[PDB]
Structures are given as C-alpha cells and as structure tokens.
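Structure file final-v7.txt; described as compact mmCIF, C-alpha atoms and all ligand atoms.
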# COMPACT_ATOMS: atom_id res chain seq x y z
CA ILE A 1 4.57 197.27 129.43
CA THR A 2 7.50 197.02 127.01
CA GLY A 3 10.71 198.26 128.58
CA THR A 4 14.11 197.33 129.95
CA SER A 5 14.48 195.32 133.16
CA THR A 6 16.02 197.34 135.97
CA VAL A 7 16.55 197.10 139.71
CA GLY A 8 15.04 199.62 142.08
CA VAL A 9 15.37 200.02 145.83
CA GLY A 10 12.84 200.90 148.49
CA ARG A 11 11.51 200.31 151.95
CA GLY A 12 8.68 197.98 152.90
CA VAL A 13 5.84 198.32 155.40
CA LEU A 14 8.06 197.37 158.36
CA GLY A 15 10.74 199.88 157.37
CA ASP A 16 13.13 197.31 155.89
CA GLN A 17 15.12 198.15 152.76
CA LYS A 18 14.96 195.78 149.79
CA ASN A 19 15.79 195.65 146.09
CA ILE A 20 12.91 195.19 143.66
CA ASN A 21 12.76 194.22 140.00
CA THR A 22 11.29 197.02 137.88
CA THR A 23 10.82 197.92 134.21
CA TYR A 24 11.96 201.18 132.64
CA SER A 25 9.98 202.99 129.96
CA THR A 26 9.86 206.73 130.70
CA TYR A 27 8.86 205.79 134.26
CA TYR A 28 10.07 202.86 136.35
CA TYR A 29 7.21 200.40 136.77
CA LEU A 30 6.68 197.70 139.37
CA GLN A 31 6.99 195.00 136.75
CA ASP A 32 9.41 192.15 137.49
CA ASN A 33 10.36 190.40 134.23
CA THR A 34 12.70 187.96 135.95
CA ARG A 35 9.98 185.54 137.07
CA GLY A 36 7.79 183.64 134.62
CA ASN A 37 5.53 185.93 132.60
CA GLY A 38 6.04 188.76 135.05
CA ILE A 39 5.00 190.08 138.42
CA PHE A 40 2.96 193.29 138.20
CA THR A 41 1.94 195.55 141.07
CA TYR A 42 -0.79 198.19 140.77
CA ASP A 43 -2.08 201.20 142.71
CA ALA A 44 -5.80 201.07 143.54
CA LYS A 45 -5.57 204.67 144.84
CA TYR A 46 -7.92 204.08 147.82
CA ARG A 47 -10.73 203.00 145.48
CA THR A 48 -12.22 199.58 144.71
CA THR A 49 -11.88 199.51 140.92
CA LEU A 50 -9.35 196.79 139.98
CA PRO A 51 -6.56 196.41 139.21
CA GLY A 52 -6.02 200.17 139.07
CA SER A 53 -2.84 201.63 137.53
CA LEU A 54 0.40 199.73 136.98
CA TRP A 55 2.69 201.25 139.61
CA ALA A 56 4.83 204.02 138.07
CA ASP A 57 7.75 205.80 139.73
CA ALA A 58 9.92 208.64 138.41
CA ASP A 59 13.30 207.61 139.84
CA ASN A 60 13.28 203.88 140.71
CA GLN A 61 13.55 204.72 144.43
CA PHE A 62 10.60 203.62 146.58
CA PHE A 63 11.13 205.10 150.04
CA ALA A 64 7.90 207.10 150.40
CA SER A 65 5.38 205.97 152.99
CA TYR A 66 2.82 205.57 150.18
CA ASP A 67 5.27 203.26 148.35
CA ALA A 68 5.76 200.76 151.19
CA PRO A 69 2.77 198.45 150.63
CA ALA A 70 3.61 198.25 146.91
CA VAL A 71 7.25 197.42 147.67
CA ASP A 72 6.20 194.49 149.86
CA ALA A 73 3.41 193.19 147.63
CA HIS A 74 5.86 193.11 144.71
CA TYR A 75 8.79 191.63 146.63
CA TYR A 76 6.82 188.98 148.54
CA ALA A 77 5.04 187.84 145.38
CA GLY A 78 8.56 187.21 144.09
CA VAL A 79 9.52 185.21 147.20
CA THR A 80 6.34 183.15 146.92
CA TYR A 81 7.05 182.54 143.21
CA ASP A 82 10.55 181.42 144.16
CA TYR A 83 9.25 179.05 146.85
CA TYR A 84 6.86 177.27 144.51
CA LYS A 85 9.42 177.02 141.72
CA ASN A 86 12.45 176.01 143.78
CA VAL A 87 10.70 173.73 146.26
CA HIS A 88 7.84 172.20 144.28
CA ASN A 89 8.91 172.69 140.67
CA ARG A 90 5.77 174.73 140.11
CA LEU A 91 5.92 177.68 137.72
CA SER A 92 3.59 180.36 139.12
CA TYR A 93 0.13 179.52 140.47
CA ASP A 94 -1.22 177.84 137.33
CA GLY A 95 1.97 175.84 136.76
CA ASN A 96 2.40 177.61 133.41
CA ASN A 97 4.04 180.87 134.56
CA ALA A 98 0.83 182.93 134.73
CA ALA A 99 1.49 186.61 135.36
CA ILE A 100 1.09 187.48 139.04
CA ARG A 101 -0.83 190.71 139.61
CA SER A 102 -1.36 192.59 142.89
CA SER A 103 -3.17 195.81 143.75
CA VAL A 104 -2.39 197.77 146.94
CA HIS A 105 -4.12 200.75 148.60
CA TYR A 106 -7.45 198.99 148.05
CA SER A 107 -10.32 201.06 149.46
CA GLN A 108 -9.98 203.03 152.72
CA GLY A 109 -9.14 201.49 156.10
CA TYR A 110 -9.68 198.05 154.56
CA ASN A 111 -8.72 195.39 157.12
CA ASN A 112 -8.13 192.52 154.74
CA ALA A 113 -6.31 191.05 151.76
CA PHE A 114 -7.58 188.54 149.22
CA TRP A 115 -7.15 186.64 145.99
CA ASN A 116 -10.16 187.62 143.84
CA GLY A 117 -9.88 184.79 141.31
CA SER A 118 -7.59 186.83 139.03
CA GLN A 119 -5.23 188.80 141.27
CA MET A 120 -4.13 189.74 144.78
CA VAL A 121 -5.74 192.70 146.54
CA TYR A 122 -4.39 194.40 149.70
CA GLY A 123 -6.09 196.82 152.07
CA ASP A 124 -3.99 199.33 154.02
CA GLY A 125 -5.74 198.41 157.26
CA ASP A 126 -7.17 201.06 159.58
CA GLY A 127 -3.90 201.40 161.49
CA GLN A 128 -5.41 199.82 164.59
CA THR A 129 -6.48 196.31 163.61
CA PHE A 130 -4.02 196.12 160.71
CA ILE A 131 -1.21 198.00 159.03
CA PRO A 132 -0.94 197.50 155.25
CA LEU A 133 -1.38 193.76 154.84
CA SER A 134 1.24 193.15 152.15
CA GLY A 135 3.71 193.72 155.00
CA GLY A 136 3.12 190.12 156.07
CA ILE A 137 4.91 187.54 153.98
CA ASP A 138 2.62 184.82 155.39
CA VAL A 139 -0.42 186.88 154.33
CA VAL A 140 0.95 187.36 150.79
CA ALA A 141 1.78 183.66 150.43
CA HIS A 142 -1.53 182.58 152.06
CA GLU A 143 -3.56 184.47 149.50
CA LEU A 144 -1.39 183.46 146.49
CA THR A 145 -1.82 179.87 147.67
CA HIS A 146 -5.59 180.31 147.12
CA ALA A 147 -4.71 180.77 143.43
CA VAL A 148 -2.68 177.55 143.44
CA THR A 149 -5.60 175.77 145.08
CA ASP A 150 -8.09 177.19 142.58
CA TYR A 151 -5.96 175.79 139.74
CA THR A 152 -5.52 172.38 141.37
CA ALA A 153 -7.83 170.77 143.94
CA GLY A 154 -10.35 173.60 143.50
CA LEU A 155 -11.64 173.17 147.06
CA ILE A 156 -15.09 174.76 147.31
CA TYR A 157 -14.98 177.72 149.70
CA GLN A 158 -17.57 176.44 152.17
CA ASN A 159 -17.84 174.05 155.11
CA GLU A 160 -15.14 171.38 155.38
CA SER A 161 -13.69 171.78 151.89
CA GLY A 162 -13.49 175.53 152.59
CA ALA A 163 -11.70 174.97 155.90
CA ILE A 164 -9.17 172.76 154.10
CA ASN A 165 -8.82 175.50 151.50
CA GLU A 166 -8.02 178.00 154.30
CA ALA A 167 -5.65 175.59 156.08
CA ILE A 168 -3.70 174.88 152.89
CA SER A 169 -3.19 178.64 152.55
CA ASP A 170 -2.07 178.97 156.20
CA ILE A 171 0.27 176.01 155.82
CA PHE A 172 1.97 177.26 152.68
CA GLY A 173 1.93 180.86 153.87
CA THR A 174 3.83 179.62 156.89
CA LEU A 175 6.21 177.45 154.87
CA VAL A 176 7.00 180.45 152.66
CA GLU A 177 7.68 182.54 155.79
CA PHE A 178 10.16 179.87 156.91
CA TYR A 179 11.63 179.76 153.41
CA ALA A 180 12.29 183.52 153.57
CA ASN A 181 13.68 182.88 157.05
CA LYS A 182 12.89 186.22 158.69
CA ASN A 183 11.33 185.79 162.14
CA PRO A 184 9.46 182.62 161.07
CA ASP A 185 6.75 181.15 163.29
CA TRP A 186 3.53 179.11 163.20
CA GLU A 187 1.35 182.20 163.68
CA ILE A 188 -0.57 183.95 160.90
CA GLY A 189 -0.38 187.68 160.15
CA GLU A 190 1.63 188.66 163.22
CA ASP A 191 3.73 191.18 161.24
CA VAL A 192 0.75 193.36 160.26
CA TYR A 193 -1.83 192.64 162.96
CA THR A 194 -2.53 195.13 165.79
CA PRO A 195 0.57 197.37 165.80
CA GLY A 196 -0.45 198.47 169.30
CA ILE A 197 -0.36 194.93 170.72
CA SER A 198 2.75 192.73 170.93
CA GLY A 199 2.80 188.95 170.66
CA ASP A 200 -0.58 188.32 169.03
CA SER A 201 -1.78 187.33 165.56
CA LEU A 202 -4.91 186.46 163.57
CA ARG A 203 -4.62 182.71 164.02
CA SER A 204 -2.21 180.22 165.52
CA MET A 205 -1.37 176.90 163.89
CA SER A 206 0.50 175.61 166.94
CA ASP A 207 -2.37 176.46 169.31
CA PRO A 208 -5.53 177.44 167.40
CA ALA A 209 -7.42 177.61 170.71
CA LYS A 210 -5.38 180.71 171.62
CA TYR A 211 -7.81 182.67 169.44
CA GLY A 212 -10.87 180.52 170.07
CA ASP A 213 -10.44 178.30 167.01
CA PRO A 214 -11.04 174.54 167.40
CA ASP A 215 -8.04 172.21 167.68
CA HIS A 216 -10.15 169.06 167.61
CA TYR A 217 -12.87 167.79 165.28
CA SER A 218 -15.21 167.39 168.26
CA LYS A 219 -15.08 171.18 168.58
CA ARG A 220 -15.91 171.99 164.95
CA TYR A 221 -18.19 174.94 164.23
CA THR A 222 -21.33 173.79 162.43
CA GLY A 223 -23.21 177.08 162.01
CA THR A 224 -23.55 179.18 158.86
CA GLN A 225 -21.33 182.17 159.65
CA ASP A 226 -18.04 182.58 157.78
CA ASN A 227 -19.20 180.24 155.00
CA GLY A 228 -19.62 177.48 157.57
CA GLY A 229 -16.57 178.52 159.58
CA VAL A 230 -13.83 178.23 156.96
CA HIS A 231 -11.50 180.50 158.99
CA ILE A 232 -12.54 178.72 162.19
CA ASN A 233 -12.42 174.99 161.43
CA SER A 234 -9.16 175.51 159.56
CA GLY A 235 -7.67 175.34 163.06
CA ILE A 236 -8.30 171.59 163.15
CA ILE A 237 -6.26 171.06 159.99
CA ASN A 238 -3.66 173.70 160.95
CA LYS A 239 -3.07 171.85 164.23
CA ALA A 240 -2.66 168.55 162.37
CA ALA A 241 -0.08 170.06 159.98
CA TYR A 242 1.76 171.66 162.89
CA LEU A 243 1.86 168.26 164.64
CA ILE A 244 3.09 166.47 161.51
CA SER A 245 5.97 168.95 161.25
CA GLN A 246 6.92 169.67 164.86
CA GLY A 247 5.46 166.75 166.80
CA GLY A 248 3.84 166.87 170.22
CA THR A 249 1.17 165.24 172.36
CA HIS A 250 -2.33 166.59 171.85
CA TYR A 251 -5.25 165.38 173.96
CA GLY A 252 -2.96 162.53 174.98
CA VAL A 253 -2.11 161.45 171.43
CA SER A 254 1.60 161.56 170.61
CA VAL A 255 2.92 162.58 167.20
CA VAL A 256 6.50 162.15 166.00
CA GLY A 257 7.46 165.27 164.03
CA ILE A 258 9.00 164.87 160.55
CA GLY A 259 9.89 168.50 159.82
CA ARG A 260 8.64 171.33 157.61
CA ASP A 261 10.08 170.18 154.30
CA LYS A 262 8.35 166.81 154.42
CA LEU A 263 5.13 168.49 155.62
CA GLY A 264 5.35 170.67 152.50
CA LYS A 265 5.95 167.71 150.16
CA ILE A 266 3.07 165.69 151.59
CA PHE A 267 0.53 168.51 151.48
CA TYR A 268 1.65 169.78 148.08
CA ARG A 269 1.22 166.26 146.71
CA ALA A 270 -2.18 165.94 148.41
CA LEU A 271 -3.29 169.30 147.02
CA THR A 272 -2.16 168.62 143.46
CA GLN A 273 -2.86 164.88 143.07
CA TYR A 274 -5.60 163.79 145.45
CA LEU A 275 -7.85 166.55 146.78
CA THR A 276 -11.00 167.55 144.84
CA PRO A 277 -13.45 170.46 145.04
CA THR A 278 -15.63 168.57 147.54
CA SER A 279 -12.97 166.96 149.77
CA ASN A 280 -13.86 166.77 153.47
CA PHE A 281 -11.54 166.34 156.49
CA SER A 282 -11.65 162.54 156.39
CA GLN A 283 -10.80 162.64 152.69
CA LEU A 284 -7.92 165.03 153.38
CA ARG A 285 -6.56 162.50 155.87
CA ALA A 286 -6.69 159.76 153.22
CA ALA A 287 -5.07 162.05 150.63
CA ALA A 288 -2.25 162.94 153.02
CA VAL A 289 -1.70 159.31 153.97
CA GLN A 290 -1.58 158.28 150.31
CA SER A 291 0.77 161.18 149.49
CA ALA A 292 3.15 160.22 152.30
CA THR A 293 2.96 156.61 151.11
CA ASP A 294 3.86 157.66 147.56
CA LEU A 295 6.77 159.75 148.75
CA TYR A 296 8.20 157.66 151.60
CA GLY A 297 6.65 154.19 151.57
CA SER A 298 3.76 152.59 153.45
CA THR A 299 5.99 151.49 156.35
CA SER A 300 7.65 154.90 156.78
CA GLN A 301 7.71 157.13 159.85
CA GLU A 302 6.19 159.80 157.60
CA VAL A 303 3.03 157.77 157.02
CA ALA A 304 2.80 156.79 160.69
CA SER A 305 3.15 160.47 161.69
CA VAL A 306 0.40 161.64 159.32
CA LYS A 307 -1.91 159.05 160.90
CA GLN A 308 -0.96 160.09 164.45
CA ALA A 309 -1.56 163.78 163.61
CA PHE A 310 -5.06 163.31 162.22
CA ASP A 311 -5.84 160.94 165.10
CA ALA A 312 -4.75 163.67 167.52
CA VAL A 313 -7.22 166.17 166.05
CA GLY A 314 -9.99 163.57 165.92
CA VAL A 315 -10.12 163.17 162.15
CA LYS A 316 -10.60 159.56 161.08
CA CA B 1 10.46 207.36 143.70
CA CA B 2 6.90 185.82 161.69
CA CA B 3 3.73 184.05 160.64
CA CA B 4 0.06 192.89 167.07
ZN ZN B 5 -7.85 183.19 152.89
Do you think you could lay out the structure here as structure tokens?
Amino acid sequence: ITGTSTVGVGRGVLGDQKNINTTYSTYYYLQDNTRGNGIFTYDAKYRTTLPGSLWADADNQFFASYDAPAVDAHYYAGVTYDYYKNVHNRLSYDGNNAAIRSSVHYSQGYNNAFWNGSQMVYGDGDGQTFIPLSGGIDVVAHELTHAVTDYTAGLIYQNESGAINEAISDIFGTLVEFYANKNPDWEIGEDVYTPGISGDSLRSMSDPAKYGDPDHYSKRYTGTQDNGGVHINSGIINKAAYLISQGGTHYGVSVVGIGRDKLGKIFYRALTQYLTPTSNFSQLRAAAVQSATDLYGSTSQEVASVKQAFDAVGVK
C-alpha cells in the first residue's frame, strides 16, 4: 500500500523483542519499504486461501501471541534479504529486487512451511511437533532459498536434482543463521521443532545419520517416497558441505575445513553459474570444483577440500 515508512516493535515466536519495518496508512502494515521492492507479510487467518490479508495493526506494537509468527516471518525475511545482498551481491531472490511476500497462520495445526513458487507460507504447527515455523531463521532462509534456486539453477524437485535443491536450502538456511549469529548450529529447525523435547531437530548437516538420513552415497534412498527422497538424500550433500566448511574424517576420508564464508561463495557460484534443472550429485561435485577453481585457483586448498569432501560422501 501507499504510506509512510515507520518502525514498529513486537515480540517473535520465541518471546524475543525486535523492531520491524512497517508502513502507516490509517493502520500500520507489515510492509518493509527499506529493502528492494518491499517485504510484505500477510495473515492467512487459519485458512488456505493465499496470500490472505496484508497484516494490519492499529498501534504499531506487535506483542500479542497472534502477532508473533508475523513478527518473525517479516523480520527474518529481512535478515535473509540482507544476507543475499551483503554477502552475495544479490538483490532479493530474483536478483532484481522482487517483492518478498509471506503468509502466516496458514491452515490449522499445519506442521510445515514452504515456498509456493510465488511466496512463503508458514503453518503454526500443532504445538507438539512444531511451534509456528517462522520462529526458525534457518527455516525462513531455507524456504526463501528455494526461490533463489527456482530463479537460477532451477533444480527439478525430484530424485538427485531435488536432493541438491533441498541441500542448497539447508546450506544457505544455515549460513543465514550464522550470519544472524544467534545460537547458530548445523542443525535444521531446532528453534521450532518439538517444544517438549530438548536438543533435537528435523535434520542434521553435521551428522545426518542422527535422524536416519544417509551420510554416504552408498546409503542413498532409491524408492519413490518423498519425491525420490529429496529430504532424505539431501543428507549426503549436507554432510559434504559441512565437511568442506568444518573439516573432519568421515569413513576414514580426511577433509581440511575452509570455513563457512568460502563454503557460501563456492556453493553460491555453483548454484548461479553451473547447476542446471537436471544436475545430479556427480554434476554438483564438478560444479563445486569448478566454482572453487574460479574463485581460488586450481592448486588451492579450497579445490582440494571440495574434492576430499565429495570423496568422503562417496560422490565421484
Ligand atoms: Ca498492536
Ligand atoms: Ca540455532
Ligand atoms: Ca539451525
Ligand atoms: Ca525440540
Ligand atoms: Zn524445502
């Protein structure tokens, strides 16, 4: 809407207070005009019609329980926008400052969050498996990264290309979490998953096997469930990215870590310059090796480490 840019204050899903960019026109709307062509957050009102209503508030204060998921969806979209712009010189998900839209309170007891090809959508969870999913910065960044991928490599959401698609989202979700620097880790969704259970998460990049996901190509799922196991076989690529960054010895193969920033550069370059809709794991390895070569030279530690990592997870 047309209005004047203002700054509201509220509390997110985890009870933390934060400032949010709003727009004033009779009501204060969750519309951040400070980033690209805007970040807009909507209320789906427990229904499944999208996007729902642009979030409107009478007093620019967002401390109600019902406000929390909106506060976080709006704020974390901003953090993710900042990451891509500051770190990768990318303006929004399309590289041309596309408006970022999110709807919260999607359906009832909905234990998921997703990019639908046009916008972000967040369930509130059922309070047992999940609390409102926009509470997880890694979740927000994971799903916005699907938009980036759709505008770039366009990895088909099935089989190996789909698992790469998922891993890319886990990788950048995690790098955004580190960028925000609040309790960062190599786990996915820990902030909103199972409020009744401490120390768990949906997936682990450092040890995918913790939740029964493969950490080696020899253990890949080849059935038809989950679009050919896109959320399962992503563990193989997640483990490789973790190894590239942090190092380690995996099934007896040693990897020299090169750190998160260089991991981010290599994979962002792979995603935007080399990967295609049909890329498989072997082709991802080649793309990452070529990216690291472009960035650091063929004789670099960075290239050697990428090779070691993919070797360690059995991807040739
Ligand atoms: Ca209010
Ligand atoms: Ca964390
Ligand atoms: Ca995490
Ligand atoms: Ca938990
Ligand atoms: Zn996903």
_Exercise: stretch 208-217 of chain A partners within 10 Å, all atoms listed in the file, chain neighbours under 2 positions left out, as number ranges by chain_ = A: 187, 200-206, 219-221, 229, 231-240, 250-251, 281, 310-316
Hey, which residues come within 7 Å of ligand CA 1 (chain B) if we count only C-alpha atoms and all ligand atoms? Could you give them as a short mmCIF file (atom, residue, chain, number, x, y, z; two decimals) with C-alpha atoms, in the coordinates of the input?
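Below is the file result.cif, written as the result:
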data_model
loop_
_atom_site.label_atom_id
_atom_site.label_comp_id
_atom_site.auth_asym_id
_atom_site.auth_seq_id
_atom_site.Cartn_x
_atom_site.Cartn_y
_atom_site.Cartn_z
CA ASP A 57 7.75 205.80 139.73
CA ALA A 58 9.92 208.64 138.41
CA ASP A 59 13.30 207.61 139.84
CA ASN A 60 13.28 203.88 140.71
CA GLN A 61 13.55 204.72 144.43
CA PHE A 62 10.60 203.62 146.58
CA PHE A 63 11.13 205.10 150.04
#
Chain A residues near ligand ZN 5 (chain B) within 9 Å, closest pair each, using all atoms listed in the file, as a Markdown table:
| residue | atom | partner | partner_atom | distance |
| --- | --- | --- | --- | --- |
| A:113 | CA | B:ZN5 | ZN | 8.1 |
| A:114 | CA | B:ZN5 | ZN | 6.5 |
| A:115 | CA | B:ZN5 | ZN | 7.7 |
| A:139 | CA | B:ZN5 | ZN | 8.4 |
| A:142 | CA | B:ZN5 | ZN | 6.4 |
| A:143 | CA | B:ZN5 | ZN | 5.6 |
| A:145 | CA | B:ZN5 | ZN | 8.6 |
| A:146 | CA | B:ZN5 | ZN | 6.8 |
| A:165 | CA | B:ZN5 | ZN | 7.9 |
| A:166 | CA | B:ZN5 | ZN | 5.4 |
| A:167 | CA | B:ZN5 | ZN | 8.5 |
| A:169 | CA | B:ZN5 | ZN | 6.5 |
| A:170 | CA | B:ZN5 | ZN | 7.9 |
| A:230 | CA | B:ZN5 | ZN | 8.8 |
| A:231 | CA | B:ZN5 | ZN | 7.6 |
*Name the residues, by chain letter and number, that sit within 7 Å of ligand CA 4 (chain B) using only C-alpha atoms and all ligand atoms, and give them as a PyMOL selection string.*
chain A and resi 190+192-201
*Using all atoms listed in the file, which of A:17, A:181, A:128, A:254 sits nearest ligand CA 2 (chain B)?*
A:181
With ligand CA 3 (chain B) as the partner and 6 Å as the cut-off, tabulate the residues of chain A that qualify, each row holding the nearest pair of atoms and their distance in Å to one decimal, using all atoms listed in the file, sorted by chain and rising number, as CSV.
residue,atom,partner,partner_atom,distance
A:138,CA,B:CA3,CA,5.4
A:174,CA,B:CA3,CA,5.8
A:184,CA,B:CA3,CA,5.9
A:185,CA,B:CA3,CA,5.0
A:186,CA,B:CA3,CA,5.6
A:187,CA,B:CA3,CA,4.3
A:188,CA,B:CA3,CA,4.3
A:189,CA,B:CA3,CA,5.5
A:190,CA,B:CA3,CA,5.7
*Test item: which residues lie within 8 Å of (-3.5, 191.5, 144.9) counting all atoms listed in the file, as a count of residues only*: 14
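Here atom CA of residue A:175 stands at a distance of 8.7 Å from atom CA of residue A:83.
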*Which one is closest to ligand CA 2 (chain B): A:297, A:136, A:248, A:154? Count all atoms listed in the file.*
A:136
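Between atom CA of residue A:126 and atom CA of residue A:178 there is a distance of 27.5 Å.
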*Any idea what's packed within 10 Å of residue A:34, counting all atoms listed in the file, ignoring anything in its chain fewer than 6 positions away? Could you give it as a PyMOL selection string?*
chain A and resi 5-6+21-22+78
*Neighbours of residue A:3 within 10 Å (only C-alpha atoms; same-chain residues fewer than 2 positions away dropped), as a ChimeraX atom specification?*
/A:1,5-6,22-29,31,33
Could you please fill out stretch 144-167 of chain A with N, CA and C atoms and send it back as an mmCIF file, in the coordinates of the input?
data_model
loop_
_atom_site.group_PDB
_atom_site.id
_atom_site.type_symbol
_atom_site.label_atom_id
_atom_site.label_comp_id
_atom_site.auth_asym_id
_atom_site.auth_seq_id
_atom_site.Cartn_x
_atom_site.Cartn_y
_atom_site.Cartn_z
ATOM 1 N N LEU A 144 -1.837 184.045 147.764
ATOM 2 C CA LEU A 144 -1.390 183.460 146.490
ATOM 3 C C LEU A 144 -1.614 181.945 146.445
ATOM 4 N N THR A 145 -1.565 181.304 147.605
ATOM 5 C CA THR A 145 -1.820 179.870 147.670
ATOM 6 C C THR A 145 -3.277 179.561 147.300
ATOM 7 N N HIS A 146 -4.200 180.487 147.571
ATOM 8 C CA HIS A 146 -5.590 180.310 147.120
ATOM 9 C C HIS A 146 -5.631 180.164 145.597
ATOM 10 N N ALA A 147 -4.771 180.897 144.897
ATOM 11 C CA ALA A 147 -4.710 180.770 143.430
ATOM 12 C C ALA A 147 -4.240 179.373 143.029
ATOM 13 N N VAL A 148 -3.205 178.885 143.708
ATOM 14 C CA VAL A 148 -2.680 177.550 143.440
ATOM 15 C C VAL A 148 -3.800 176.530 143.655
ATOM 16 N N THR A 149 -4.503 176.678 144.761
ATOM 17 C CA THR A 149 -5.600 175.770 145.080
ATOM 18 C C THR A 149 -6.710 175.844 144.028
ATOM 19 N N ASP A 150 -7.050 177.057 143.598
ATOM 20 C CA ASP A 150 -8.090 177.190 142.580
ATOM 21 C C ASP A 150 -7.702 176.487 141.281
ATOM 22 N N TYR A 151 -6.409 176.448 140.966
ATOM 23 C CA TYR A 151 -5.960 175.790 139.740
ATOM 24 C C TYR A 151 -5.722 174.301 139.899
ATOM 25 N N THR A 152 -5.842 173.787 141.119
ATOM 26 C CA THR A 152 -5.520 172.380 141.370
ATOM 27 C C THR A 152 -6.721 171.644 141.966
ATOM 28 N N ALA A 153 -6.723 171.451 143.281
ATOM 29 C CA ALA A 153 -7.830 170.770 143.940
ATOM 30 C C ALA A 153 -9.167 171.482 143.713
ATOM 31 N N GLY A 154 -9.142 172.816 143.712
ATOM 32 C CA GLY A 154 -10.350 173.600 143.500
ATOM 33 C C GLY A 154 -11.348 173.503 144.656
ATOM 34 N N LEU A 155 -10.822 173.326 145.862
ATOM 35 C CA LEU A 155 -11.640 173.170 147.060
ATOM 36 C C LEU A 155 -12.722 174.250 147.173
ATOM 37 N N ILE A 156 -13.975 173.826 147.212
ATOM 38 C CA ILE A 156 -15.090 174.760 147.310
ATOM 39 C C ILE A 156 -14.980 175.564 148.614
ATOM 40 N N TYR A 157 -15.220 176.868 148.544
ATOM 41 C CA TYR A 157 -14.980 177.720 149.700
ATOM 42 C C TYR A 157 -16.156 177.738 150.679
ATOM 43 N N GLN A 158 -16.477 176.566 151.214
ATOM 44 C CA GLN A 158 -17.570 176.440 152.170
ATOM 45 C C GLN A 158 -17.407 175.179 153.002
ATOM 46 N N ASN A 159 -17.857 175.227 154.257
ATOM 47 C CA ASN A 159 -17.840 174.050 155.110
ATOM 48 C C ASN A 159 -16.469 173.378 155.171
ATOM 49 N N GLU A 160 -16.422 172.049 155.160
ATOM 50 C CA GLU A 160 -15.140 171.380 155.380
ATOM 51 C C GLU A 160 -14.146 171.585 154.238
ATOM 52 N N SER A 161 -14.612 171.543 152.989
ATOM 53 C CA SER A 161 -13.690 171.780 151.890
ATOM 54 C C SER A 161 -13.113 173.200 151.989
ATOM 55 N N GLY A 162 -13.940 174.154 152.409
ATOM 56 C CA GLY A 162 -13.490 175.530 152.590
ATOM 57 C C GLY A 162 -12.464 175.670 153.711
ATOM 58 N N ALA A 163 -12.664 174.940 154.803
ATOM 59 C CA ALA A 163 -11.700 174.970 155.900
ATOM 60 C C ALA A 163 -10.352 174.371 155.491
ATOM 61 N N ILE A 164 -10.394 173.345 154.641
ATOM 62 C CA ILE A 164 -9.170 172.760 154.100
ATOM 63 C C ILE A 164 -8.502 173.775 153.192
ATOM 64 N N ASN A 165 -9.308 174.423 152.358
ATOM 65 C CA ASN A 165 -8.820 175.500 151.500
ATOM 66 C C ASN A 165 -8.049 176.561 152.312
ATOM 67 N N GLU A 166 -8.672 177.067 153.379
ATOM 68 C CA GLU A 166 -8.020 178.000 154.300
ATOM 69 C C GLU A 166 -6.747 177.437 154.952
ATOM 70 N N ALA A 167 -6.808 176.195 155.423
ATOM 71 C CA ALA A 167 -5.650 175.590 156.080
ATOM 72 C C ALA A 167 -4.462 175.440 155.140
#
